[PDB]
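Novice: Following this line is start-v3.cif, made up of mmCIF, C-alpha atoms (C1' of nucleotides):
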data_entry
#
loop_
_atom_site.label_atom_id
_atom_site.label_comp_id
_atom_site.auth_asym_id
_atom_site.auth_seq_id
_atom_site.Cartn_x
_atom_site.Cartn_y
_atom_site.Cartn_z
CA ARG A 175 -42.21 46.29 61.86
CA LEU A 176 -40.90 49.24 63.86
CA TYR A 177 -37.50 50.92 63.62
CA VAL A 178 -36.29 52.30 66.99
CA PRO A 179 -32.97 54.23 66.61
CA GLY A 180 -30.46 54.95 69.41
CA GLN A 181 -28.28 53.15 72.00
CA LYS A 201 -33.08 51.36 72.91
CA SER A 202 -34.92 48.73 70.78
CA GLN A 203 -33.90 45.89 73.17
CA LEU A 204 -35.39 47.68 76.21
CA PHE A 205 -38.56 48.43 74.20
CA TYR A 206 -38.77 44.72 73.26
CA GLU A 207 -38.35 43.66 76.95
CA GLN A 208 -41.06 46.17 78.08
CA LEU A 209 -43.41 45.02 75.28
CA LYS A 210 -42.87 41.37 76.38
CA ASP A 211 -43.70 42.18 80.03
CA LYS A 212 -46.88 44.16 79.13
CA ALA A 213 -48.21 41.88 76.38
CA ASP A 214 -48.00 38.94 78.89
CA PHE A 215 -46.43 36.46 76.37
CA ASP A 216 -46.13 32.75 77.41
CA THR A 217 -43.39 32.62 80.12
CA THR A 218 -41.13 29.97 81.80
CA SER A 219 -40.54 28.49 78.30
CA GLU A 220 -38.58 25.20 78.52
CA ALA A 221 -36.44 24.56 75.43
CA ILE A 222 -36.23 20.76 74.86
CA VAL A 223 -32.62 21.23 73.64
CA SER A 224 -30.25 24.15 72.87
CA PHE A 225 -27.17 24.24 70.60
CA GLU A 226 -24.79 27.16 71.14
CA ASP A 227 -22.38 28.92 68.72
CA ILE A 228 -23.52 27.23 65.43
CA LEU A 229 -21.71 28.89 62.49
CA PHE A 230 -24.22 29.42 59.64
CA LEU A 231 -23.21 30.25 56.02
CA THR A 232 -26.61 31.43 54.64
CA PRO A 233 -26.85 33.85 56.30
CA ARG A 234 -23.36 33.64 57.91
CA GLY A 235 -23.66 34.09 61.71
CA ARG A 236 -23.00 32.44 65.11
CA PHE A 237 -26.58 31.48 66.04
CA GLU A 238 -27.84 29.64 69.09
CA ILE A 239 -30.50 27.06 68.09
CA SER A 240 -33.17 26.49 70.78
CA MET A 241 -35.70 23.70 69.96
CA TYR A 242 -39.29 23.55 71.30
CA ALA A 243 -42.21 21.13 70.76
CA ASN A 244 -43.90 23.33 68.06
CA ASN A 245 -41.12 25.73 67.03
CA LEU A 246 -37.37 26.26 66.45
CA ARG A 247 -35.69 29.50 67.61
CA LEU A 248 -32.50 30.95 66.11
CA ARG A 249 -30.91 33.55 68.44
CA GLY A 250 -28.18 35.74 66.92
CA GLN A 251 -26.31 38.91 67.96
CA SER A 252 -28.50 41.14 65.69
CA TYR A 253 -31.46 38.93 64.62
CA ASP A 254 -33.79 36.52 66.40
CA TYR A 255 -35.88 34.13 64.26
CA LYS A 256 -38.84 31.92 65.27
CA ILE A 257 -39.48 29.08 62.76
CA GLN A 258 -42.52 26.81 63.23
CA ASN A 259 -41.74 23.05 62.92
CA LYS A 260 -44.49 22.86 60.19
CA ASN A 261 -42.59 25.44 58.02
CA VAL A 262 -39.52 23.13 57.80
CA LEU A 263 -40.04 21.32 54.47
CA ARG A 264 -36.73 19.37 54.15
CA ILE A 265 -33.55 18.60 56.11
CA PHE A 266 -30.30 17.82 54.22
CA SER A 267 -27.22 16.36 55.95
CA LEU A 268 -24.34 16.58 53.44
CA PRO A 269 -20.54 16.10 53.89
CA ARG A 270 -18.37 18.88 52.38
CA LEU A 271 -15.75 17.69 49.82
CA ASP A 272 -12.94 19.12 52.06
CA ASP A 273 -13.49 16.00 54.26
CA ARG A 274 -13.09 18.34 57.30
CA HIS A 275 -16.62 19.83 57.54
CA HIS A 276 -20.29 18.66 57.49
CA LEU A 277 -23.25 20.74 56.17
CA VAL A 278 -26.77 20.66 57.65
CA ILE A 279 -29.29 22.47 55.42
CA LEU A 280 -32.90 23.43 56.27
CA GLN A 281 -35.46 24.30 53.61
CA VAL A 282 -37.98 26.75 55.18
CA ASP A 283 -41.31 27.95 53.70
CA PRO A 284 -42.07 30.86 54.09
CA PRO A 285 -38.37 31.84 53.53
CA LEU A 286 -36.61 33.70 56.38
CA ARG A 287 -36.21 37.49 55.94
CA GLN A 288 -33.29 39.70 56.83
CA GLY A 289 -34.38 43.19 55.76
CA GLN A 290 -35.02 42.82 51.98
CA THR A 291 -33.07 39.55 51.38
CA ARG A 292 -34.74 36.13 51.75
CA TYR A 293 -33.24 32.81 52.86
CA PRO A 294 -35.31 29.80 51.64
CA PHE A 295 -32.34 27.61 52.70
CA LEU A 296 -30.46 27.80 56.00
CA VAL A 297 -26.92 26.41 55.62
CA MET A 298 -25.14 25.35 58.84
CA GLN A 299 -21.45 24.32 58.87
CA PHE A 300 -20.08 21.87 61.52
CA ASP A 301 -16.61 20.46 62.11
CA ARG A 302 -16.74 16.63 61.69
CA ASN A 303 -14.59 16.24 64.85
CA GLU A 304 -16.96 18.41 66.95
CA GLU A 305 -18.55 16.14 69.60
CA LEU A 306 -21.37 17.20 71.96
CA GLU A 307 -23.15 15.49 74.88
CA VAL A 308 -26.80 16.57 75.34
CA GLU A 309 -29.59 15.59 77.73
CA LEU A 310 -33.15 16.47 76.65
CA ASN A 311 -35.12 18.76 79.01
CA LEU A 312 -38.23 16.48 79.15
CA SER A 313 -40.19 14.79 81.96
CA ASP A 314 -40.16 10.94 81.85
CA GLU A 315 -43.99 10.89 81.32
CA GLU A 316 -43.84 13.34 78.34
CA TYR A 317 -40.84 11.50 76.82
CA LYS A 318 -42.62 8.08 76.96
CA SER A 319 -45.97 9.42 75.68
CA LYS A 320 -44.79 11.70 72.77
CA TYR A 321 -41.09 11.16 71.90
CA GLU A 322 -40.30 7.46 72.59
CA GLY A 323 -38.72 5.97 69.41
CA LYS A 324 -38.40 9.52 67.84
CA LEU A 325 -35.74 11.03 70.18
CA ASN A 326 -33.08 9.63 72.56
CA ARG A 327 -33.41 10.73 76.25
CA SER A 328 -29.65 11.42 76.31
CA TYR A 329 -27.23 11.60 73.38
CA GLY A 330 -23.70 10.37 74.19
CA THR A 331 -20.53 12.17 73.01
CA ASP A 332 -21.31 11.87 69.25
CA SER A 333 -20.74 14.33 66.38
CA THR A 334 -22.82 17.57 66.89
CA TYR A 335 -24.29 17.47 63.34
CA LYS A 336 -25.69 13.89 63.92
CA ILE A 337 -27.36 14.83 67.24
CA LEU A 338 -28.79 18.01 65.64
CA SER A 339 -30.04 16.08 62.54
CA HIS A 340 -31.74 13.46 64.79
CA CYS A 341 -33.35 16.14 67.03
CA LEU A 342 -34.62 17.99 63.89
CA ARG A 343 -36.01 14.68 62.50
CA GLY A 344 -37.79 13.85 65.80
CA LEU A 345 -39.35 17.34 66.32
CA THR A 346 -40.23 18.27 62.67
CA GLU A 347 -41.16 14.68 61.60
CA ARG A 348 -39.25 15.42 58.33
CA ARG A 349 -36.93 12.81 56.79
CA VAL A 350 -33.21 13.70 56.74
CA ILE A 351 -31.83 13.53 53.18
"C1'" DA B 1 20.21 18.33 -35.39
"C1'" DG B 2 22.80 15.37 -32.26
"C1'" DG B 3 26.96 13.84 -29.72
"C1'" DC B 4 31.44 14.75 -27.89
"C1'" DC B 5 35.86 17.56 -26.09
"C1'" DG B 6 37.43 21.60 -23.49
"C1'" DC B 7 36.94 24.51 -19.66
"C1'" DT B 8 35.65 26.88 -15.54
"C1'" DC B 9 34.16 27.41 -11.06
"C1'" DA B 10 32.37 25.64 -7.07
"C1'" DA B 11 31.74 21.53 -4.14
"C1'" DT B 12 34.54 18.16 -2.51
"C1'" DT B 13 39.37 15.56 -1.57
"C1'" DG B 14 43.88 15.83 0.45
"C1'" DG B 15 46.91 17.38 3.73
"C1'" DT B 16 48.73 20.79 7.35
"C1'" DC B 17 48.36 23.84 12.05
"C1'" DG B 18 46.85 26.29 15.81
"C1'" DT B 19 43.65 27.11 19.23
"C1'" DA B 20 38.75 26.91 21.13
"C1'" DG B 21 36.73 24.48 23.93
"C1'" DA B 22 36.08 20.12 26.59
"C1'" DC B 23 37.41 18.40 31.10
"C1'" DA B 24 38.65 18.35 35.77
"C1'" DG B 25 39.26 20.45 40.08
"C1'" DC B 26 38.53 24.17 43.42
"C1'" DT B 27 36.24 28.11 45.70
"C1'" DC B 28 32.53 30.23 47.97
"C1'" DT B 29 28.35 33.01 46.99
"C1'" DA B 30 23.82 32.82 47.09
"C1'" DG B 31 19.78 30.24 46.75
"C1'" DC B 32 16.83 27.24 49.20
"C1'" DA B 33 14.99 26.02 53.73
"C1'" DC B 34 12.93 26.65 57.85
"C1'" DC B 35 10.97 29.24 62.05
"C1'" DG B 36 9.08 32.90 64.81
"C1'" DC B 37 6.47 37.25 65.28
"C1'" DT B 38 3.53 41.33 63.43
"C1'" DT B 39 -0.06 43.31 61.29
"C1'" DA B 40 -1.83 45.14 57.09
"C1'" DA B 41 -4.22 43.01 53.59
"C1'" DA B 42 -7.66 39.81 52.07
"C1'" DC B 43 -12.12 38.16 52.80
"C1'" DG B 44 -16.94 37.20 53.80
"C1'" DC B 45 -20.96 39.72 54.05
"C1'" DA B 46 -24.41 43.08 54.04
"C1'" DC B 47 -26.71 46.82 51.40
"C1'" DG B 48 -27.96 49.83 47.92
"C1'" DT B 49 -28.04 52.05 43.39
"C1'" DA B 50 -26.46 53.01 38.84
"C1'" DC B 51 -25.57 51.14 34.74
"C1'" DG B 52 -26.21 47.70 31.34
"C1'" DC B 53 -29.52 45.69 28.75
"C1'" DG B 54 -34.25 44.49 26.79
"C1'" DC B 55 -38.20 46.94 24.96
"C1'" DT B 56 -40.55 50.89 22.59
"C1'" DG B 57 -40.42 54.50 19.25
"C1'" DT B 58 -38.92 57.10 15.04
"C1'" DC B 59 -36.86 57.59 10.96
"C1'" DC B 60 -34.97 56.06 6.32
"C1'" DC B 61 -35.43 54.13 1.60
"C1'" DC B 62 -36.16 50.43 -0.14
"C1'" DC B 63 -40.64 47.74 -1.93
"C1'" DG B 64 -45.16 45.13 -2.67
"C1'" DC B 65 -49.38 45.59 -3.87
"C1'" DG B 66 -52.99 48.04 -5.09
"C1'" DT B 67 -56.52 51.60 -6.86
"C1'" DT B 68 -56.94 54.50 -10.09
"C1'" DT B 69 -56.34 56.94 -14.57
"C1'" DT B 70 -57.24 57.25 -19.30
"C1'" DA B 71 -57.44 55.06 -24.30
"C1'" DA B 72 -58.85 52.21 -27.77
"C1'" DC B 73 -61.97 48.48 -29.62
"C1'" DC B 74 -66.58 46.34 -30.31
"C1'" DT B 75 -71.41 46.35 -30.80
"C1'" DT B 76 -75.94 47.82 -32.22
"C1'" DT B 77 -79.37 50.36 -34.70
"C1'" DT B 78 -81.14 54.00 -37.89
"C1'" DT B 79 -90.49 56.02 -39.42
"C1'" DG B 80 -95.08 53.59 -41.00
"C1'" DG B 81 -98.03 51.42 -44.45
#
Could you render the structure as structure tokens?
Specialist:
Amino acid sequence: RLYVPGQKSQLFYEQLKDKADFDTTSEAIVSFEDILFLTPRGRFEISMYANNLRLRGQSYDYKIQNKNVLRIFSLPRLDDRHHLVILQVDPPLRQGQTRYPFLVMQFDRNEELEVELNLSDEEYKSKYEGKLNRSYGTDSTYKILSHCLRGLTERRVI
DNA sequence: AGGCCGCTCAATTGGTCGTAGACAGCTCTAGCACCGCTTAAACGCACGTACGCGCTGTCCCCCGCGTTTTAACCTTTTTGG
């Protein structure tokens, strides 16, 4: 871990990415924008891939491997206005010195989202048939997210 | 001693008066009620350190438990032929 002061670390990261020749033209299977987390609290974009989950935030990007997701909880809040989706991750996520073994996402129950998966028809049939839907209709965001997480991590939703 | 009459003073009976307060009716203030707009305050959160607390150490003055100090009682024997 490097600390690069000044307004400079983002340009250094871009230049390191170009020179290290990291895998390019990455095709997220599905993205979810503006998800309000509670632990830690932040508006993260969730991009899902075949082997890994990415959390993009204003100050912190996290890459979680699908194997490191131990458990998925889908729990209604007692306010009857919100729904919690909770990920247990091992090893626990780090933000400086603090660790987050649980990621707590908070959805509105009335929030509906329509999402098409970015998959070829051959790859869908061979790998994801009966695990994921090709298109999700206008259903509650937390249900679509919980099903996508179940299909990609092969973990049971509690 | 024991029981009964007289009395005295304080609670209660009897009767008398004046007003305090109940009742009604009226006014109108202010208390509730809502609505819109502003923004400082609250809040959620992150981060770090200082302070509260558990642990170690030292001292007091009680004590258990022991080794040691010193005294008194018992025992044994007093040449050979």
Novice: Counting all atoms listed in the file, figure out which residue out of A:217, A:319, A:262, A:271 gets nearest to residue A:294.
Specialist: A:262
Novice: Can you list, as an MDAnalysis selection string, every protein, DNA or RNA residue that comes within 10 Å of stretch 337-345 of chain A when you count all atoms listed in the file, leaving out same-chain residues fewer than 6 positions away?
Specialist: chainID A and resid 222:225 239 241:246 259:260 262 264:267 278:280 305:308 310 321:326 328:331 351
Novice: Please dump the current selection as a PDB file, in the frame of the given file; keep C-alpha atoms.
Specialist:
ATOM      1  CA  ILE A 222     -36.230  20.760  74.860  1.00  0.00           C
ATOM      2  CA  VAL A 223     -32.620  21.230  73.640  1.00  0.00           C
ATOM      3  CA  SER A 224     -30.250  24.150  72.870  1.00  0.00           C
ATOM      4  CA  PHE A 225     -27.170  24.240  70.600  1.00  0.00           C
ATOM      5  CA  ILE A 239     -30.500  27.060  68.090  1.00  0.00           C
ATOM      6  CA  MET A 241     -35.700  23.700  69.960  1.00  0.00           C
ATOM      7  CA  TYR A 242     -39.290  23.550  71.300  1.00  0.00           C
ATOM      8  CA  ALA A 243     -42.210  21.130  70.760  1.00  0.00           C
ATOM      9  CA  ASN A 244     -43.900  23.330  68.060  1.00  0.00           C
ATOM     10  CA  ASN A 245     -41.120  25.730  67.030  1.00  0.00           C
ATOM     11  CA  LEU A 246     -37.370  26.260  66.450  1.00  0.00           C
ATOM     12  CA  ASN A 259     -41.740  23.050  62.920  1.00  0.00           C
ATOM     13  CA  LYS A 260     -44.490  22.860  60.190  1.00  0.00           C
ATOM     14  CA  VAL A 262     -39.520  23.130  57.800  1.00  0.00           C
ATOM     15  CA  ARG A 264     -36.730  19.370  54.150  1.00  0.00           C
ATOM     16  CA  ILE A 265     -33.550  18.600  56.110  1.00  0.00           C
ATOM     17  CA  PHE A 266     -30.300  17.820  54.220  1.00  0.00           C
ATOM     18  CA  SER A 267     -27.220  16.360  55.950  1.00  0.00           C
ATOM     19  CA  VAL A 278     -26.770  20.660  57.650  1.00  0.00           C
ATOM     20  CA  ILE A 279     -29.290  22.470  55.420  1.00  0.00           C
ATOM     21  CA  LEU A 280     -32.900  23.430  56.270  1.00  0.00           C
ATOM     22  CA  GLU A 305     -18.550  16.140  69.600  1.00  0.00           C
ATOM     23  CA  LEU A 306     -21.370  17.200  71.960  1.00  0.00           C
ATOM     24  CA  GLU A 307     -23.150  15.490  74.880  1.00  0.00           C
ATOM     25  CA  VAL A 308     -26.800  16.570  75.340  1.00  0.00           C
ATOM     26  CA  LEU A 310     -33.150  16.470  76.650  1.00  0.00           C
ATOM     27  CA  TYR A 321     -41.090  11.160  71.900  1.00  0.00           C
ATOM     28  CA  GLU A 322     -40.300   7.460  72.590  1.00  0.00           C
ATOM     29  CA  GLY A 323     -38.720   5.970  69.410  1.00  0.00           C
ATOM     30  CA  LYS A 324     -38.400   9.520  67.840  1.00  0.00           C
ATOM     31  CA  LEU A 325     -35.740  11.030  70.180  1.00  0.00           C
ATOM     32  CA  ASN A 326     -33.080   9.630  72.560  1.00  0.00           C
ATOM     33  CA  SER A 328     -29.650  11.420  76.310  1.00  0.00           C
ATOM     34  CA  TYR A 329     -27.230  11.600  73.380  1.00  0.00           C
ATOM     35  CA  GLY A 330     -23.700  10.370  74.190  1.00  0.00           C
ATOM     36  CA  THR A 331     -20.530  12.170  73.010  1.00  0.00           C
ATOM     37  CA  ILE A 351     -31.830  13.530  53.180  1.00  0.00           C
TER      38      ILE A 351
END
Novice: Using all atoms listed in the file, I'd like every residue of chain A that has an atom within 10 Å of chain B; please write them out as a list in words.
Specialist: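 For chain A, the answer reads residues 231, 233, 234, 235, 288, 289, 290 and 291 of chain A.
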Novice: Go ahead and write the selection's residues with C-alpha atoms as a JSON list (two decimals), in the frame of the given file.
Specialist:
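Below is the file out.json, written as the result:
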[["chain", "number", "residue", "atom", "x", "y", "z"],
["A", 231, "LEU", "CA", -23.21, 30.25, 56.02],
["A", 233, "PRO", "CA", -26.85, 33.85, 56.30],
["A", 234, "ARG", "CA", -23.36, 33.64, 57.91],
["A", 235, "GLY", "CA", -23.66, 34.09, 61.71],
["A", 288, "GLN", "CA", -33.29, 39.70, 56.83],
["A", 289, "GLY", "CA", -34.38, 43.19, 55.76],
["A", 290, "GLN", "CA", -35.02, 42.82, 51.98],
["A", 291, "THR", "CA", -33.07, 39.55, 51.38]]
Novice: What is the atom CA of residue A:275-atom CA of residue A:229 distance in Å, reported with one decimal?
Specialist: 11.5 Å
Novice: May I ask for the distance between atom CA of residue A:303 and atom CA of residue A:333, given in Å to one decimal place?
Specialist: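 Spanning atom CA of residue A:303 to atom CA of residue A:333 is a straight-line distance of 6.6 Å.
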Novice: Pick from A:318, A:206, A:286, A:237: nearest to residue A:261, with all atoms listed in the file counted?
Specialist: A:286
Novice: Would you compute the distance between atom CA of residue A:220 and atom CA of residue A:240? Give it in Å to one decimal.
Specialist: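 For atom CA of residue A:220 relative to atom CA of residue A:240, the distance reads 9.5 Å.
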Novice: Determine the axis-aligned bounding box of all atoms of stretch 256-270 of chain A present in the file, pad each side by 8 Å, and express its centre and edge lengths in Å to one decimal place as JSON.
Specialist:
{"center_x": -31.4, "center_y": 24.0, "center_z": 58.8, "size_x": 42.1, "size_y": 31.8, "size_z": 28.9}
Novice: Given the file shown, determine the residues that the PyMOL selection byres ((chain A and resi 227) around 6) selects; report them as a ChimeraX atom specification.
Specialist: /A:226,228,236-238
Novice: Which of these, A:210, A:247, A:336, A:287, has the shortest distance to residue A:269 once you count all atoms listed in the file?
Specialist: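 Of A:210, A:247, A:336, A:287, the one nearest residue A:269, counting all atoms listed in the file, is A:336.
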